[PDB]
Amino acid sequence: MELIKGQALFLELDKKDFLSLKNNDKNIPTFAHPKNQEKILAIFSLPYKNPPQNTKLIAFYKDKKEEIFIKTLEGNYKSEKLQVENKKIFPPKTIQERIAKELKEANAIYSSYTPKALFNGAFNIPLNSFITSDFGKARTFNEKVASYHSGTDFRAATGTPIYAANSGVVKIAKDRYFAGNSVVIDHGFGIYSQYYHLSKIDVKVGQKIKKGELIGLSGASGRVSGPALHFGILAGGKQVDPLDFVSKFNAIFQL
């Protein structure tokens, strides 16, 4: 199989006698195929930055093992050359501390795996607008990726209502350094949606939210370039191309 860096893949496996799916010594969770009772599904994602060139997963059954080989593709992302090397930068200590704290917090949240669906059918876009800055635009130095856009931005004037892309539970609902005012929803199965730069947060941590329910108003908080909604999906432990992910997910779960 082949998969573009920065994307998720829904792997389909026989259910009967299945024991475990492994990537070296890391276990990858599974969940039911909603249509085919003889199958299960796993999400496998490649990171945008520094992905392996190749991956081998093994599905262990009671009677045998199944190898699955996935070749990393570079895809056709937009990229621009950096003029100055992305060397160590020197933020104020107060900012270093905040960043480190929020990273620890988020790493913890993304680690607390929910082994059931909290979604309700297909994902919907969070507002009926258009993309102004796509996922995966990159900046390179010496042809190596230095940084990339980890979500997709939708055009929005400040104060535009934003709606949950699917049902779930709110895990994050505060102001953060990279993200500004942000909401993160757990949808189950290690799938999280992210809504950044809000001017107003309308939910709280722990709240059950329905698909299409208001979560906030769009803004420019924490944004250098002007008001817009930054939308992200984390799945399989990695930030992945959100519209690509929704397309894949909806192909399986929309009915």
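Start at 1 with the first residue shown and count on from there. Note that the rigid core is defined as the largest set of C-alphas that superpose within 1.5 Å between two forms.
Root-mean-square C-alpha deviation from the shown form, taken over all structures in 8 other deposited structures of this protein superposed by the rigid core, is larger for 81-89 than for the alternative among 81-89 and 100-108. Root mean square Cα distance to the shown form, taken over structures and residues in 8 other deposited structures of this protein after a core fit, is higher for 220-228 when 220-228 and 47-55 are compared. In this entry, 19-27 shows the higher mean Cα temperature factor of the pair 233-241 and 19-27. Between 57-65 and 192-200, the higher mean Cα B-factor belongs to 57-65.
The PDB entry assigns its highest CA temperature factor, among 176, 71, 149, 155, to 71. When the C-alpha B-factors of 166, 140, 182, 160 are ranked from the entry, the top spot goes to 140. Per the PDB record, residue ranking by Cα B-factor puts residue 110 in the middle third of the chain. Residue 187: CA B factor in the lowest third of modelled residues in this chain (values from the PDB entry).
The deposited CA B-factor of residue 222 belongs to the lowest third of values across its chain. When all modelled residues of the chain are sorted by CA temperature factor, residue 121 is found within the middle third.
When all modelled residues of the chain are sorted by CA temperature factor, residue 170 is found within the lowest third.
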